[PDB]
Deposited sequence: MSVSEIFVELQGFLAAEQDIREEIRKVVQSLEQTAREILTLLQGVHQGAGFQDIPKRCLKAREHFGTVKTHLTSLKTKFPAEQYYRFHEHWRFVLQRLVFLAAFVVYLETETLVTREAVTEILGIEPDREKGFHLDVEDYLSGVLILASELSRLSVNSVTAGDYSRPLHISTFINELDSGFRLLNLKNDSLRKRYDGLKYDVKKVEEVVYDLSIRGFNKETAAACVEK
């Protein structure tokens, strides 16, 4: 029996390793597409709406790559293979949010983000968007928008900086509402204060010079 059941176990282990293989490939294609989108939007550092539209269409190949990932594992074992797409997922949240900001200067909802990516809301069934992952993508957004503020002033746009300031402050207070237990997450939040201070100083830089 010992040899019997160790053979059985061999079967299972091979299975798992194949699942990790597939997932790895999909996540690879997805990281590629994410890098491309990131390049499009990064170009903002000068016709934005065209940039945002082109991003939105890349998110199509994103949607498909995700409906494909959904078939490389049994859905309920989500958190089992979570760590393989964690990074990509977060970056994607970031990108989506970034687009939405460039479009509307507002914060995209978690549910809106799922709909953009082509995954299922929490209430539905299948592939979900961790609250943690969402908040991470958001923090990345912030540190990206402080940079955007600076380059914006370099570009002659003295309006964005103020909007970005208000916005990032709203983020900071929202976060103040939360009790953060995740360690990597709390760690990343400790970096939001530097973004806040950065944008606030940009705005000060404009005010004492007579722009408002």
Missing segments of the deposited chain sequence, listed N- to C-terminal: 1, 47 to 51, 219 to 228
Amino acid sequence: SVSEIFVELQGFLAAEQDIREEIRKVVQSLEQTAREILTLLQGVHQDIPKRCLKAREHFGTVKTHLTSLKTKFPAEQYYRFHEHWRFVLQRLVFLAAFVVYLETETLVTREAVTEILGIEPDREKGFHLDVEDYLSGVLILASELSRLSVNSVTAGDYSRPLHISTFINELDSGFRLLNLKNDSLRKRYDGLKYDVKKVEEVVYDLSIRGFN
From here on, numbers count along this sequence of modelled residues.
Residue 182 dropped from a third or more of the other entries of this protein: no
Unmodelled residue 143 in at least one third of other entries with both flanks present: no
Mean temperature factor over C-alpha atoms, higher-scoring stretch between 56 to 64 and 145 to 153: 56 to 64
Higher-B stretch (mean Cα B-factor, as the entry records it), 119 to 127 or 90 to 98: 119 to 127
Top residue by Cα temperature factor, when 51, 181, 35, 160 are compared in the entry: 181
Largest Cα B-factor, entry values, listed residues 113, 107, 135, 75: 75
Lowest, middle or highest third - CA B-factor, residue 14: highest
Residue 31, C-alpha B-factor rank within chain (lowest, middle or highest third): middle
Cα B factor band for residue 42 (lowest, middle or highest third within the chain): highest
Relative C-alpha B-factor of residue 185, binned into the chain's lowest, middle or highest third: middle
Third of chain Cα B-factors occupied by residue 200: lowest
